[PDB]
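Note sheet for the following structure.
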Amino acid sequence: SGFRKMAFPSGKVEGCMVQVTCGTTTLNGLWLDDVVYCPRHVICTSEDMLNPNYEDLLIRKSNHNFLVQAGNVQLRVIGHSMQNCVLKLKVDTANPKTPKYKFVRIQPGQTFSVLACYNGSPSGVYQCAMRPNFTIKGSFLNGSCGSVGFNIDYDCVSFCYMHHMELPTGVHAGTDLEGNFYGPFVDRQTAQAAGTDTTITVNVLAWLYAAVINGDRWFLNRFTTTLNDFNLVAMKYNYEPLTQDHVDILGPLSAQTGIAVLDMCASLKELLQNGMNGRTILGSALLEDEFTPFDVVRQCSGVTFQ
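In the deposited numbering, the protein residues as written are 1 to 306.
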């Protein structure tokens with residue numbers, strides 16, 4: 001028993017991280033088959049970032065202007081193209097450590113593992129949610145761009161995120177592996193607004209279910225409620241509206257605990273209107289929304305990968 005914020009094992013993605021240098025700009029790339037993927041602002045000087053014309057900046061760059069390094073070994077670049085905000089560098093050598101992989105664009109409120117990397121080398125792994133406002137709350141120092149987000153299913157790595165930037169508020173923005181930003185963000189050094197950071201209601205309920213499973217059920221009250229009455233309270237607390245799709249998704253957690261989804265909603269409502277009175281839930285003093293129902297299930301059934 002016990003319940004923890006848990007990353008996927010990182011081995012399969014470790015084997016894919018390289019360093020990419022163009023001029024005197026360095027960041028991380030992802031090497032899959034005979035293609036290296038990296039943030040296109042590898043071609044920018046600090047001065048360029050204020051108002052870049054990526055198409056014009058790219059014209060001045062040839063294959064040999066891109067230095068891709070995998071350990072002590074230099075990869076030969078035989079082709080380059082921009083796809084949205086990512087650069088694709090074709091190399092003469094397929095990555096021999098290429099795992100089975102997919103590129104997936106995730107939904108607001110889904111979770112993924114980040115392998116934070118510096119100079120093509122892994123520093124650490126942590127679990128993030130794509131926030132409703134399409135930011136993530138990561139740990140990213142200078143050089144961390146091109147670090148990727150992923151999920152694993154048995155032997156298949158689903159890549160969903162590449163890190164491109166920090167907003168003046170110190171949350172994080174980036175792209176899928178087709179180079180499309182999550183949210184309205186652009187790869188330019190101008191002032192950008194995230195929008196209201198709403199809570200992932202379905203994830204909070206999943207996490208309450210996790211607690212009950214782990215004997216932490218002090219917050220269970222005597223009441224029930226209705227979807228519309230719950231949501232009226234949700235909106236007031238910047239909680240995402242709960243829908244029947246979300247109720248459906250919590251079904252297995254409902255089934256296991258014998259606690260109906262709407263009874264848990266009434267517990268949640270009471271927690272919002274009364275706070276925690278200095279108590280904790282799974283060792284937290286606030287409501288956690290970075291666990292999905294799938295996450296909770298996966299943990300409590302001990303799903304494995306290889």
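Every residue gets a Cβ at the ideal spot worked out from N, C-alpha and C, and that includes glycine.
Ordered along the chain, which non-local residues of its own chain (more than five positions away) have a Cβ less than 6 Å from that of residue i?
i	result
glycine 15	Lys97
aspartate 187	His41, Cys85, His164
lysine 102	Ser158
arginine 105	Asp176
So what's residue i in DSSP terms, helix, strand or just coil?
i	result
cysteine 300	helix
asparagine 63	helix
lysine 12	helix
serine 254	helix
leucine 287	coil
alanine 210	helix
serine 46	coil
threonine 98	coil
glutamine 192	coil
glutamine 306	coil
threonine 175	strand
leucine 115	strand
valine 186	coil
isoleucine 78	strand
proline 293	helix
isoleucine 281	strand
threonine 201	helix
Taking the continuous beta strand (DSSP E) assigned at residue i, which residues delimit it?
i	result
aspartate 56	Here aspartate 56 belongs to no beta strand (DSSP E); instead the alpha helix (DSSP H) covers 54–59.
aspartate 153	148–153
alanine 129	121–129
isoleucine 106	Where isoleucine 106 is concerned, there is no enclosing beta strand (DSSP E), given that its DSSP letter is neither H nor E.
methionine 162	156–166
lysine 88	86–91
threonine 135	From DSSP, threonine 135 is part of no beta strand (DSSP E); its letter is neither H nor E.
Can you name, in chain order, every residue of its own chain whose Cβ lies under 7 Å from the Cβ of residue i, other than the five neighbours on each side?
i	result
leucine 58	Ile43, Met82
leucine 50	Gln189
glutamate 166	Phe140, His172
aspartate 48	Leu57
Comparing alpha-carbon positions, which option in the options lies nearest residue i?
i	options	result
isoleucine 152	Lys12, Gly302, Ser1, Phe3	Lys12
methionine 17	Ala7, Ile106, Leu115, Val303	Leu115
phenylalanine 230	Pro184, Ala266, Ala94	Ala266
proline 99	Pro52, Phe159, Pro122	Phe159
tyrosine 182	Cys145, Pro132, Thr225	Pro132
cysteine 156	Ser10, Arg4, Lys61	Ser10
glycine 278	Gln110, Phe219, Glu290, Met235	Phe219
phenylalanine 223	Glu270, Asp92, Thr292	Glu270
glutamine 256	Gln192, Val77, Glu290, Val296	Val296
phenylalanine 185	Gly146, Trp207, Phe134, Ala210	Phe134
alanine 210	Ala70, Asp245, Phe294, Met130	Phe294
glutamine 306	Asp245, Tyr154, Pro168	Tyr154
Closer than 8 Å by C-beta to residue i: which residues in its own chain qualify, once you throw out the five before and the five after it? Chain order, please.
i	result
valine 86	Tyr37, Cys38, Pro39, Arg40, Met162, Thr175, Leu177, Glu178, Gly179
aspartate 56	none
Since I believe residue j is in contact with residue i (beta carbons under 8 Å), could you give me their beta-carbon distance rounded to a whole number of angstroms?
i	j	result
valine 212	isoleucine 259	6 Å
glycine 170	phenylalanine 112	Not really, about 20 Å apart at Cβ, beyond 8 Å.
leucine 242	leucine 227	6 Å
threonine 280	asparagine 203	The Cβ separation is near 18 Å, so there is no contact.
Which stretch, first to last residue, makes up the alpha helix (DSSP H) that contains residue i?
i	result
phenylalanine 230	227–236
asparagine 28	Run containing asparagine 28: none in the alpha helix (DSSP H); it sits in the beta strand (DSSP E), 25–32.
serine 267	261–274
Any heavy atom of the ligand MG closer than 7 Å to the Cβ of residue i?
i	result
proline 168	What this structure holds is no ligand at all, so the ligand MG is not there to describe.
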